[PDB]
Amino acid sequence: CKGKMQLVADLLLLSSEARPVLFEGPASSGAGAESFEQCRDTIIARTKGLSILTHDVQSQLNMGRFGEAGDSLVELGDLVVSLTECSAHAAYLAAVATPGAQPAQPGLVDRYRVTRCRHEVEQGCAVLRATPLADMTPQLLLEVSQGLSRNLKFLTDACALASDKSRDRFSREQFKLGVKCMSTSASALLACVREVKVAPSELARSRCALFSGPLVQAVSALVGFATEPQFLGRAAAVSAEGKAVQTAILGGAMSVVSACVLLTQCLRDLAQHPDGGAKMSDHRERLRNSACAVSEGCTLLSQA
């Protein structure tokens, strides 16, 4: 049951390390219709939440309340994710607010989001593959099936929009065909997930693994097609000052993420021999690291 904490202090780590796909590259709006000031306020809120959750998870671990610590981590991960996205967006807005800037131009789809969705679909199917039978509980399968259901819902909407925005016949129809393929694959798999749920057996499980391939491939093909170079639009064109302004904020946000990562590993570290815990300083140092990182983050938002 303490294992359930190593789990989180890992899926969380990867969840928050994946998001640094916004911290390296060009300048694009990392969000949907918000202004810089509001965004910075959001970041402030997140950092507050971060202080709170840092303390909470710390004390909850040091109490021996692992089940709570886990959820606290989950929330911390989600919070760091949000903070990262907002940081990226604020960096972009600050960048384009600069004198001679030209704004970015949207692709047919949001690359970052669909990339995330592909990653999540692959993760879900991986979970269906790597889970042993008796461990495939009716709740786990429902969670996986629900996660696949959102991801597919988002991809479907995105590709619908992309189809609409397309002014070429082939692309317009290809998006639709790809969507149909994706949906049928999904249905086929989810049937198997329901079957292995109601009538568990090794056959049904291997079946669930069998019908995972078509969905992963479908989504990979659709996303691959959706991100063809001519569909990608354009990153913003900004002066050196803009890029500096953006680099700063991205730096701070990266500081936060890295600090929280080190904290996560430190949480995972003591989850073997807690009573002994010869490494009590390492854990405590990351509260500080995170706090200072948050300070940098706040520093580069008020100045630029």
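Residue numbers here begin at 1 and follow the sequence given.
Trainee: Would you tell me which stretch averages the higher CA B-factor in the PDB entry, 21-29 or 285-293?
Mentor: The entry gives the higher C-alpha B-factor average to 285-293.
Trainee: Would you mind comparing 220-228 and 136-144 for me and telling me which has the higher average C-alpha temperature factor in the entry?
Mentor: Between 220-228 and 136-144, it is 136-144.
Trainee: Based on the PDB record, which member of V256, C39, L53, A235 exhibits the highest Cα temperature factor?
Mentor: Each of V256, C39, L53, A235 was compared by C-alpha B-factor; the highest is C39.
Trainee: How does the C-alpha B factor of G107 compare with the rest of the chain: lowest, middle or highest third?
Mentor: For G107, whose C-alpha B-factor we compare with every modelled residue in the chain, the answer is the lowest third.
Trainee: Ranking every modelled residue in this chain by its Cα temperature factor as given in the entry, which third contains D168?
Mentor: As the PDB entry reports it, the C-alpha B-factor of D168 lands in the middle third of its chain.
Trainee: Please say which third, lowest, middle or highest, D78 falls into when its CA temperature factor is compared across its chain.
Mentor: Middle third by C-alpha B-factor.
Trainee: Ranked by Cα temperature factor within the chain, is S72 in the lowest third, the middle third or the highest third?
Mentor: Answer is highest: the recorded C-alpha B-factor places it there.
Trainee: Splitting the chain's C-alpha B-factors into thirds, which one does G124 fall into?
Mentor: Answer is lowest: the recorded C-alpha B-factor places it there.
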